[PDB]
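Report on one structure; see the data block that follows.
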Amino acid sequence: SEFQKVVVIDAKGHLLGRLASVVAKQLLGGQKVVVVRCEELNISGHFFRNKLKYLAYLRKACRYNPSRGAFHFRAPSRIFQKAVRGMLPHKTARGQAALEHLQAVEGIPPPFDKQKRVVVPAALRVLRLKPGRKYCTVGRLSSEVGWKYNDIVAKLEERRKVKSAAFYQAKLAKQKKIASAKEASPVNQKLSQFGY
Amino acid sequence: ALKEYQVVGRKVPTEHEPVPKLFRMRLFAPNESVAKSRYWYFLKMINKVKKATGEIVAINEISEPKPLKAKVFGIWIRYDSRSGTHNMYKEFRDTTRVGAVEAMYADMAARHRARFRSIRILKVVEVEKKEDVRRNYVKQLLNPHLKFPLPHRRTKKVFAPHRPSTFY
Amino acid sequence: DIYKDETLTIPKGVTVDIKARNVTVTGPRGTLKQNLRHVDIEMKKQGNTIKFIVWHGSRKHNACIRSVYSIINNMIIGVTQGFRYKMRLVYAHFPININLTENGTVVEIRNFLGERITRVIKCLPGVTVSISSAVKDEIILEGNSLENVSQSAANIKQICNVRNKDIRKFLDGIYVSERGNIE
Amino acid sequence: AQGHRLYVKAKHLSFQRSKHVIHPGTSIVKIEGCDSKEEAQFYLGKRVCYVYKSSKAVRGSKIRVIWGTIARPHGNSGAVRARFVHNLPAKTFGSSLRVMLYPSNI
Amino acid sequence: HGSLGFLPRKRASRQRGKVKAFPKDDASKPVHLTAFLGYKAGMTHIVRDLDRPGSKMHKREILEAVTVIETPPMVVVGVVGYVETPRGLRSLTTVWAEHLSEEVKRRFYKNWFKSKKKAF
Amino acid sequence: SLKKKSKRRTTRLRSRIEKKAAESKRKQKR
Amino acid sequence: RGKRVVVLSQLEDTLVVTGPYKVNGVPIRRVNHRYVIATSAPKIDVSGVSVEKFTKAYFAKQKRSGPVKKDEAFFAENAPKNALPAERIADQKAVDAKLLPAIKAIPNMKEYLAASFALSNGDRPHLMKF
Amino acid sequence: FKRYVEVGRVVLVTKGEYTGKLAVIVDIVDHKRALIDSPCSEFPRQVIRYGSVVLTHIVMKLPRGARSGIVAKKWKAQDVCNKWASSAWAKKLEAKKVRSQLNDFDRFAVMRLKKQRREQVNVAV
RNA sequence: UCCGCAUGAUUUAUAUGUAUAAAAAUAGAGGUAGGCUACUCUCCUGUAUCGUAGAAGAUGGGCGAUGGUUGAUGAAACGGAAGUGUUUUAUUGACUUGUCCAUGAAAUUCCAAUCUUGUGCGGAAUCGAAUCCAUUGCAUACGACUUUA
RNA sequence: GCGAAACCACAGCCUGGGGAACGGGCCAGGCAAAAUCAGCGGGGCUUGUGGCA
RNA sequence: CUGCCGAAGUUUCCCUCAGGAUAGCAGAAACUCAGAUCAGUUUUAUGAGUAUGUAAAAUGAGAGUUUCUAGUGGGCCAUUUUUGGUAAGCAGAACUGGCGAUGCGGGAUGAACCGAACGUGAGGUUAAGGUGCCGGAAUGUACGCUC
């Protein structure tokens with residue numbers, strides 16, 4: 001609704017195609033998008049079903065010089081980028097330029113873990129899929145078809161959450177202090193008639 | 001939306017029948033013309049009276065006498081199936097007879113992939129005695145202490161900042 | 001159907017905390033932590049009763065409500081009475097040699113059918129294997145969780161299966177005899 | 001220094017088009033903050049502006065401007081139609097435009 | 001035919017064989033080196049008593065062709081640390097020694113004679 | 001695809017499905 | 001642009017409008033009504049000041065005597081000293097004398113007019129009731 | 001839970017032309033529709049769905065299918081209003097509504113007071 | 001290479017406030033004090049929170065608080081996943097609406113700061129490699145590759 | 001160092017589809033980084049089960 | 001070079017042959033009646049066993065001619081009938097339209113499918129088909145089915 005220079009999307013609990021469709025529209029709209037925490041993206045359908053959907057992707061390779069053939073990227077960030085790229089006119093210069101405005105990373109690197117991460121309610125699993133419906137995480141689905149960095153990313157995520165929690169405790173301690181001083185001022189209720 | 005019409009019709013007076021009998025039926029149509037057309041089709045199929053030989057003497061839209069009293073309706077219909085012959089009876093609970101018919105039509109198009117063409121509504125009846133209610137789902141609705149969590153809460157401004165509560 | 005119900009009366013089993021689909025059922029015998037995240041059902045704890053509630057559930061979803069009741073009842077039995085499994089060895093010619101390690105959580109099997117492969121099994125957590133003296137050459141598996149004790153009893157039985165022979169004549173192996181509780 | 005911006009930020013989305021035809025006569029503008037047609041009635045008639053920078057410096061001023069007018073709402077999601085004196089180049093899909101609060105009627 | 005595991009059959013882009021894999025690190029074991037670097041001098045043959053039970057020449061003499069490679073003791077001249085990253089190992093830092101002999105300084109130039117010997 | 005065949009019926013099938021349906025209807029009429 | 005100014009008189013096409021020059025420094029000017037947002041701020045009385053002396057010819061430019069005139073000498077002339085008559089300040093000061101008591105009476109008003117209007121992030125004009 | 005579709009629960013309408021109004025559920029027509037009514041004169045008794053309401057935390061006793069007069073009398077007796085408004089949830093909504101009606105001059109009034117409020121920044125050393 | 005004035009300016013998918021870092025579940029989470037906690041309270045998206053008042057932000061005065069606030073600093077601590085920084089600071093010089101006053105804007109008389117090269121400034125210090133020619137043979141159709149010089 | 005000719009609408013990656021002939025141009029994809037040297041010449045049928053009374 | 005008018009594939013028979021004829025169409029020149037003078041149409045009446053014809057009300061149009069003279073005389077597609085028929089298609093006629101001379105929107109693309117018959121532009125509105133993204137347009141509203 002309002003644009004920023006860059007948007008950092010925390011991609012935990014978002015559906016693959018539901019999020020990739022919104023991102024495809026925002027990129028052509030002319031906005032830089034960073035998708036973080038890709039290895040917790042969700043896809044509808046039970047895990048074995050989607051494992052077959054991706055093992056069929058491994059079957060597509062040119063019979064002459066397979067180095068020419070299709071390249072089946074395994075990282076969760078690369079699978080999400082494949083979804084967006086297929087939802088863009090990448091065979092042009094405006095479609096090509098839309099990819100260059102898209103960043104997809106697994107986990108939250110230090111350049112971005114100190115900024116606010118927004119979510120896309122048009123793609124959130126809790127608001128789209130009926131309860132009891134089977135679904136599979138991209139991070140698990142990559143660690144079973146070749147992606148070999150699942151554990152290290154989980155290891156670094158645990159450390160990052162610890163640091164992020166410590167920051168939040170400090171920020172809450174400061175925030176509760178100013179809130180005490182916020183209510184302490186008398187002018188608060190001589191502006192209360194304005195709703196603030 | 002549908003509206004309920006009473007249509008009274010008869011064939012043209014003549015020497016053979018100087019005073020033809022009035023034939024009135026209540027039928028549900030979205031508009032005036034559909035009600036007359038459905039009336040002629042019904043009278044032709046049932047009694048064998050030609051469209052040309054007849055004429056409409058009265059058409060009146062009927063409102064719901066108590067559009068705020070929760071009521072239970074039983075609907076007998078003659079579904080035109082793949083064999084063209086099948087009978088049904090479904091129960092509904094709502095406040096307006098047109099509402100029950102409208103809900104029935106959507107129910108037919110869903111559970112039997114039917115048309116407005118294939119459905120022939122025999123009789124819509126108000127059922128008031130609780131023990132005369134047949135269907136299981138409606139009966140369990142009639143218990144006095146009804147209570148249940150809001151089913152399927154499900155709830156431009158893209159890029160919301162905080163994770164939705166999606167709960168209480 | 002809007003509301004399918006199932007009711008469970010809780011014995012003196014002390015703590016039945018149910019935070020986040022996770023039940024930490026603790027009784028006099030011990031403590032079992034179990035997860036019920038896989039099902040999506042309502043679990044309410046009203047004093048001496050536990051209410052298993054499904055609102056607007058399909059029959060595929062509804063069938064889980066009895067299963068959840070049954071497994072919670074099983075773990076309640078475990079922290080109150082425990083589970084005991086007696087398996088009787090059967091040897092015709094070659095005695096089956098059994099060695100117990102780590103207070104009976106690992107079983108070593110030797111001389112089965114004359115084989116010199118060392119059939120070693122690690123018992124599932126919370127399962128203790130002991131050799132009883134009142135009845136010769138039979139084994140007692142003790143534990144709090146029925147699932148782990150029963151699966152460990154299954155694991156031992158499937159380890160020593162006769163191969164390429166006849167079930168009709170070579171009917172040798174380890175079989176589960178009795179399925180009871182500590183008291 | 002936040003005592004400025006008497007305009008409203010917007011973006012150029014495409015030309016008015018069908019799937020296999022484009023008409024560069026009118027351009028589709030997404031006025032940021034507008035999420036329906038009843039809201040787009042406000043900005044209907046305002047002065048939209050595309051600001052860009054060039055190589056040659058005329059007036060000793062590095063900024064060139066292409067003026068335009070909001071013409072009609074386009075769809076349900078609060079996009080509008082704009083008529084710029086010079087049809088915007090196709091390289092400016094996603095480029096940011098300005099929406100002056102005038103001609104004012106509020 | 002020919003194995004398909006050894007193509008593209010092209011000249012090696014290196015002269016010293018690259019160790020593409022090192023043994024798994026286990027902290028229970030204390031410290032040791034994992035590799036070395038020698039020069040193939042040539043091969044000869046030997047006679048050996050064969051203590052392999054069940055072999056047809058258990059406790060019998062055989063003759064074996066052996067490769068002799070000369071390995072003068074290697075000199076450690078630096079330490080490098082790699083950090084685990086989601087994008088793979090990444091060389092974080094490098095530290096050297098003071099006295100780097102002329103032998104290894106030559107590795108940094110295509111012409112050691114014409115250079116000003118200004119390395120390090 | 002994900003299947004053992006192609007769901008998009010080639011225009012031959014889009015061509016001869018309808019006519020063979022027409023021959024079927026003619027057969028019932030006869 | 002962005003200033004807040006008090007409308008003195010209603011002209012044929014424009015508004016003869018000024019900010020109190022002692023407050024913000026916006027002299028009496030013609031402004032077309034299409035570039036004005038009429039705020040619902042409390043009204044300032046105008047009966048105390050005469051407004052007939054402001055006519056279209058009163059505000060009009062001088063002649064030009066040709067199609068082209070330029071150069072910085074043309075800039076060192078006029079300016080808000082030379083081609084600016086003293087009678088205009090007499091009118092300007094007379095207006096300020098007759099409006100400052102009204103602006104002083106109601107609070108924040110002199111401060112409100114001294115300030116400048118500007119949009120902020122998340123401020124949507126179609127919902128803002130000015 | 002905390003929100004149950006009860007005969008006698010008061011709900012906050014979130015869709016339609018009566019958005020923001022407060023009504024009470026009088027009857028349960030079916031799984032997707034309920035009959036609601038309010039003592040407020042402007043709001044007529046009608047059948048509304050559940051996507052167009054949000055359940056509140058107030059449950060007041062009221063017999064099934066009570067008429068408009070009885071519902072209003074029970075609502076007044078049990079003090080439903082000024083009980084709903086006692087919550088901080090209602091206070092947040094009223095604050096939002098009045099803040100929507102502020103004009104430019106009031107916004108500058110808000111400007112000045114909260115800058116006075118901000119500069120206190122008095123904390124123990 | 002900078003000091004350094006420049007000097008002409010070159011400048012921005014710049015940009016118009018480049019404003020905002022918990023974590024998890026959604027048949028649930030969080031907060032309060034007291035002794036594993038009984039109990040109280042919060043949620044129902046950001047229309048929120050922070051900053052925002054001035055010759056594009058002038059020149060003075062009074063009152064009130066030890067503050068806010070910036071440019072430049074002399075230092076400590078922490079941040080390796082891509083450390084694009086965070087913080088502690090003491091400092092200086094400002095600025096100094098928290099509050100109230102005085103000067104000045106105008107005939108622009110109805111709309112049309114950062115970014116770096118740049119080119120040089122007169123003052124500082126700075127003193128590498130590769131190939132061909134030749135050689136080697138571990139390599140080689142020719143390039144290339146391994147050496148020597 | 002000397003030095004041709006045949007041939008030439010324009011060109012030259014691949015999968016599927018384009019009623020046919022499906023192609024090198026069309027459509028949907030896979031993709032796609034200069035300049036070259038030497039070899040090799042590559043270019044919706046149908047099924048596991050007979051006929052008469 | 002631009003503009004204007006603009007068919008035909010099957011007829012009228014004739015033939016030794018290919019063809020012509022002959023129409024039809026398109027025309028080119030001369031001359032009646034302001035008419036019941038017509039119609040790829042309906043209606044009423046009327047006989048005979050909804051249709052049939054004749055006659056007359058509706059409806060639209062200015063309606064006739066005699067004369068000479070270019071081009072065409074194929075086929076394909078689908079509908080309706082339709083006898084022989086068999087695993088199964090298949091064959092046979094008659095009719096209808098469309099296509100040849102036809103671009104445009106849609107169906108991913110296409111000789112026939114769905115809309116629409118074209119001077120140069122502006123604006124507005126739609127048909128068919130669509131509104132997640134590619135792609136202009138609701139990640140609309142409501143009720144169900146399906147793992």
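Letters for chains follow the order of the structure tokens (A, B, ...), residue numbers begin at 1 for each chain, and ligand numbers begin at 1 in the order shown.
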
Near chain C, meaning an atom within 8 Å, which residues of chain B appear when counting only C-alpha atoms? Write them as a ChimeraX atom specification.
/B:137,140,148-149,151

Determine, counting only C-alpha atoms (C1' of nucleotides), which protein, DNA and RNA residues have an atom within 10 Å of an atom of residue 94 (chain I); residues of the same chain fewer than 4 positions away are not included. Present the result as a count of residues only.
4

All residues 12 Å or closer to residue 117 (chain H), only C-alpha atoms (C1' of nucleotides), same chain fewer than 6 positions away omitted, as a PDB file with N, CA and C atoms (P, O5', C5', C4', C3', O3' and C1' of nucleotides), in the first residue's frame:
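And here's out_17.pdb as it stands now:
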```
ATOM      1  N   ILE A 178       9.925   3.797  29.861  1.00  0.00           N
ATOM      2  CA  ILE A 178       9.390   5.014  29.263  1.00  0.00           C
ATOM      3  C   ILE A 178       7.870   5.008  29.327  1.00  0.00           C
ATOM      4  N   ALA A 179       7.249   3.833  29.214  1.00  0.00           N
ATOM      5  CA  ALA A 179       5.798   3.750  29.340  1.00  0.00           C
ATOM      6  C   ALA A 179       5.345   4.171  30.730  1.00  0.00           C
ATOM      7  N   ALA A 181       6.977   6.368  32.559  1.00  0.00           N
ATOM      8  CA  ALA A 181       7.113   7.818  32.469  1.00  0.00           C
ATOM      9  C   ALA A 181       6.118   8.414  31.482  1.00  0.00           C
ATOM     10  N   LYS A 182       5.697   7.634  30.482  1.00  0.00           N
ATOM     11  CA  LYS A 182       4.707   8.115  29.525  1.00  0.00           C
ATOM     12  C   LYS A 182       3.386   8.409  30.222  1.00  0.00           C
ATOM     13  N   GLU A 183       2.897   7.455  31.011  1.00  0.00           N
ATOM     14  CA  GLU A 183       1.655   7.638  31.745  1.00  0.00           C
ATOM     15  C   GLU A 183       1.825   8.621  32.900  1.00  0.00           C
ATOM     16  N   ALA A 184       3.047   8.759  33.428  1.00  0.00           N
ATOM     17  CA  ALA A 184       3.287   9.638  34.569  1.00  0.00           C
ATOM     18  C   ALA A 184       2.999  11.098  34.237  1.00  0.00           C
ATOM     19  N   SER A 185       3.207  11.504  32.988  1.00  0.00           N
ATOM     20  CA  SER A 185       3.005  12.902  32.630  1.00  0.00           C
ATOM     21  C   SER A 185       1.521  13.262  32.699  1.00  0.00           C
ATOM     22  N   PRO A 186       1.181  14.453  33.206  1.00  0.00           N
ATOM     23  CA  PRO A 186      -0.232  14.842  33.325  1.00  0.00           C
ATOM     24  C   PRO A 186      -0.862  15.269  32.010  1.00  0.00           C
ATOM     25  N   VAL A 187      -0.049  15.819  31.108  1.00  0.00           N
ATOM     26  CA  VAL A 187      -0.556  16.297  29.831  1.00  0.00           C
ATOM     27  C   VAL A 187      -1.177  15.165  29.021  1.00  0.00           C
ATOM     28  N   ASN A 188      -0.920  13.914  29.408  1.00  0.00           N
ATOM     29  CA  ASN A 188      -1.470  12.775  28.686  1.00  0.00           C
ATOM     30  C   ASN A 188      -2.991  12.888  28.606  1.00  0.00           C
ATOM     31  N   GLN A 189      -3.652  13.091  29.744  1.00  0.00           N
ATOM     32  CA  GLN A 189      -5.104  13.221  29.774  1.00  0.00           C
ATOM     33  C   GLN A 189      -5.602  14.650  29.592  1.00  0.00           C
ATOM     34  N   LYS A 190      -4.725  15.629  29.371  1.00  0.00           N
ATOM     35  CA  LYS A 190      -5.206  16.876  28.780  1.00  0.00           C
ATOM     36  C   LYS A 190      -5.037  16.902  27.271  1.00  0.00           C
ATOM     37  N   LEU A 191      -4.568  15.810  26.680  1.00  0.00           N
ATOM     38  CA  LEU A 191      -4.710  15.574  25.254  1.00  0.00           C
ATOM     39  C   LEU A 191      -5.563  14.349  24.973  1.00  0.00           C
ATOM     40  N   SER A 192      -6.072  13.684  26.013  1.00  0.00           N
ATOM     41  CA  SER A 192      -6.857  12.467  25.831  1.00  0.00           C
ATOM     42  C   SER A 192      -8.127  12.704  25.032  1.00  0.00           C
ATOM     43  N   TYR A 196      -5.385  10.384  21.660  1.00  0.00           N
ATOM     44  CA  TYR A 196      -4.016   9.906  21.799  1.00  0.00           C
ATOM     45  C   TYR A 196      -3.702   9.557  23.246  1.00  0.00           C
TER      46      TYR A 196
ATOM     47  N   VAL H 110      -2.700  18.360  18.594  1.00  0.00           N
ATOM     48  CA  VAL H 110      -2.037  17.115  18.964  1.00  0.00           C
ATOM     49  C   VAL H 110      -0.529  17.266  18.827  1.00  0.00           C
ATOM     50  N   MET H 111      -0.083  17.909  17.742  1.00  0.00           N
ATOM     51  CA  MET H 111       1.330  18.225  17.546  1.00  0.00           C
ATOM     52  C   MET H 111       1.966  18.786  18.807  1.00  0.00           C
TER      53      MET H 111
ATOM     54  P     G I  98      11.390  21.982  22.500  1.00  0.00           P
ATOM     55  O5'   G I  98      10.634  21.788  23.885  1.00  0.00           O
ATOM     56  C5'   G I  98       9.229  21.601  23.923  1.00  0.00           C
ATOM     57  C4'   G I  98       8.649  21.949  25.272  1.00  0.00           C
ATOM     58  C3'   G I  98       8.059  23.348  25.408  1.00  0.00           C
ATOM     59  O3'   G I  98       6.727  23.445  24.928  1.00  0.00           O
ATOM     60  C1'   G I  98       9.532  22.961  27.193  1.00  0.00           C
TER      61        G I  98
END
```

Members of region 15-115 of chain E assigned strand (DSSP E) by DSSP, as a ChimeraX atom specification:
/E:39-50,60-70,78-83,90-96

Using only C-alpha atoms, find the residues of chain D whose closest atom to chain B is at most 12 Å away, then write them as a VMD selection string.
chain D and resid 32 to 36 76 to 79

Shell around region 169-177 of chain A at 12 Å using only C-alpha atoms (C1' of nucleotides), local window under 3 positions removed, as a ChimeraX atom specification:
/A:162-166,180-184 /H:121-124 /I:21-23,31,49-50

Name all residues at most 12 Å from residue 1 (chain D) (count only C-alpha atoms (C1' of nucleotides); drop same-chain ones fewer than 4 positions away) and give them as a VMD selection string.
(chain D and resid 5) or (chain G and resid 118 120) or (chain I and resid 15 to 17 19 51 to 52 54 56 to 57 113)

Save out the residues we just selected, C-alpha atoms (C1' of nucleotides), as a PDB file, in the first residue's frame.
```pdb
ATOM      1  CA  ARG D   5       6.261  16.448   0.162  1.00  0.00           C
TER       2      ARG D   5
ATOM      3  CA  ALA G 118       3.398  18.784   4.976  1.00  0.00           C
ATOM      4  CA  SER G 120       3.930  12.233   6.410  1.00  0.00           C
TER       5      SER G 120
ATOM      6  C1'   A I  15      14.174  11.607  -2.684  1.00  0.00           C
ATOM      7  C1'   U I  16      11.697  14.018  -0.073  1.00  0.00           C
ATOM      8  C1'   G I  17      11.306  11.171   7.272  1.00  0.00           C
ATOM      9  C1'   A I  19      12.056   6.486   9.976  1.00  0.00           C
ATOM     10  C1'   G I  51      10.132  12.122  15.087  1.00  0.00           C
ATOM     11  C1'   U I  52       7.309  16.129  12.958  1.00  0.00           C
ATOM     12  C1'   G I  54      10.835  28.107  12.203  1.00  0.00           C
ATOM     13  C1'   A I  56      14.143  24.960   3.562  1.00  0.00           C
ATOM     14  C1'   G I  57      14.178  26.493   8.423  1.00  0.00           C
ATOM     15  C1'   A I 113      21.570  18.878   2.164  1.00  0.00           C
TER      16        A I 113
END
```

Skip region 85-88 of chain H itself and residues of its chain fewer than 4 positions away, then list as a ChimeraX atom specification all residues within 12 Å of it, counting only C-alpha atoms (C1' of nucleotides).
/H:22,56-58,79-81,92-95 /I:41-44

Surrounding residues of residue 30 (chain F) excluding itself and chain neighbours under 2 positions, 12 Å, only C-alpha atoms (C1' of nucleotides), as an MDAnalysis selection string
(chainID F and resid 23:28) or (chainID K and resid 81:83 85)

Export of prior selection with N, CA and C atoms (P, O5', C5', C4', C3', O3' and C1' of nucleotides) as a PDB file, in the first residue's frame:
```
ATOM      1  N   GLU F  23     -20.914 -39.298 -34.136  1.00  0.00           N
ATOM      2  CA  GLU F  23     -21.275 -40.608 -34.672  1.00  0.00           C
ATOM      3  C   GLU F  23     -21.964 -41.461 -33.615  1.00  0.00           C
ATOM      4  N   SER F  24     -21.555 -41.324 -32.352  1.00  0.00           N
ATOM      5  CA  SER F  24     -22.225 -42.049 -31.278  1.00  0.00           C
ATOM      6  C   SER F  24     -23.683 -41.625 -31.163  1.00  0.00           C
ATOM      7  N   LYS F  25     -23.939 -40.312 -31.177  1.00  0.00           N
ATOM      8  CA  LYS F  25     -25.313 -39.826 -31.091  1.00  0.00           C
ATOM      9  C   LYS F  25     -26.136 -40.283 -32.286  1.00  0.00           C
ATOM     10  N   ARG F  26     -25.541 -40.262 -33.481  1.00  0.00           N
ATOM     11  CA  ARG F  26     -26.237 -40.768 -34.659  1.00  0.00           C
ATOM     12  C   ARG F  26     -26.568 -42.248 -34.509  1.00  0.00           C
ATOM     13  N   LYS F  27     -25.680 -43.011 -33.866  1.00  0.00           N
ATOM     14  CA  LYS F  27     -25.937 -44.435 -33.674  1.00  0.00           C
ATOM     15  C   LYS F  27     -27.146 -44.665 -32.776  1.00  0.00           C
ATOM     16  N   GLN F  28     -27.274 -43.885 -31.699  1.00  0.00           N
ATOM     17  CA  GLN F  28     -28.460 -43.999 -30.857  1.00  0.00           C
ATOM     18  C   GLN F  28     -29.714 -43.583 -31.614  1.00  0.00           C
TER      19      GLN F  28
ATOM     20  P     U K  81     -32.257 -35.957 -37.687  1.00  0.00           P
ATOM     21  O5'   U K  81     -33.513 -36.651 -38.382  1.00  0.00           O
ATOM     22  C5'   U K  81     -33.341 -37.664 -39.364  1.00  0.00           C
ATOM     23  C4'   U K  81     -33.805 -37.206 -40.722  1.00  0.00           C
ATOM     24  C3'   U K  81     -33.759 -38.246 -41.834  1.00  0.00           C
ATOM     25  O3'   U K  81     -34.880 -39.116 -41.838  1.00  0.00           O
ATOM     26  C1'   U K  81     -32.794 -36.229 -42.599  1.00  0.00           C
ATOM     27  P     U K  82     -34.690 -40.707 -42.034  1.00  0.00           P
ATOM     28  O5'   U K  82     -34.864 -40.911 -43.606  1.00  0.00           O
ATOM     29  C5'   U K  82     -33.937 -40.338 -44.548  1.00  0.00           C
ATOM     30  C4'   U K  82     -33.072 -41.412 -45.161  1.00  0.00           C
ATOM     31  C3'   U K  82     -33.042 -42.735 -44.404  1.00  0.00           C
ATOM     32  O3'   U K  82     -33.921 -43.680 -45.011  1.00  0.00           O
ATOM     33  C1'   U K  82     -30.852 -41.856 -44.548  1.00  0.00           C
ATOM     34  P     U K  83     -34.403 -44.985 -44.203  1.00  0.00           P
ATOM     35  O5'   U K  83     -34.730 -46.033 -45.358  1.00  0.00           O
ATOM     36  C5'   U K  83     -34.385 -47.406 -45.221  1.00  0.00           C
ATOM     37  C4'   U K  83     -33.360 -47.824 -46.245  1.00  0.00           C
ATOM     38  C3'   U K  83     -32.395 -48.917 -45.809  1.00  0.00           C
ATOM     39  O3'   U K  83     -32.922 -50.226 -45.931  1.00  0.00           O
ATOM     40  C1'   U K  83     -31.197 -47.143 -46.832  1.00  0.00           C
ATOM     41  P     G K  85     -29.038 -55.268 -45.277  1.00  0.00           P
ATOM     42  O5'   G K  85     -27.882 -55.523 -44.208  1.00  0.00           O
ATOM     43  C5'   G K  85     -27.533 -54.529 -43.255  1.00  0.00           C
ATOM     44  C4'   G K  85     -26.140 -54.007 -43.498  1.00  0.00           C
ATOM     45  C3'   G K  85     -25.115 -54.300 -42.415  1.00  0.00           C
ATOM     46  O3'   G K  85     -24.586 -55.610 -42.508  1.00  0.00           O
ATOM     47  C1'   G K  85     -24.956 -52.032 -43.072  1.00  0.00           C
TER      48        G K  85
END
```

Selected residue of minimal separation from chain C among I:96, I:119, I:26, I:47, counting only C-alpha atoms (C1' of nucleotides)
I:26
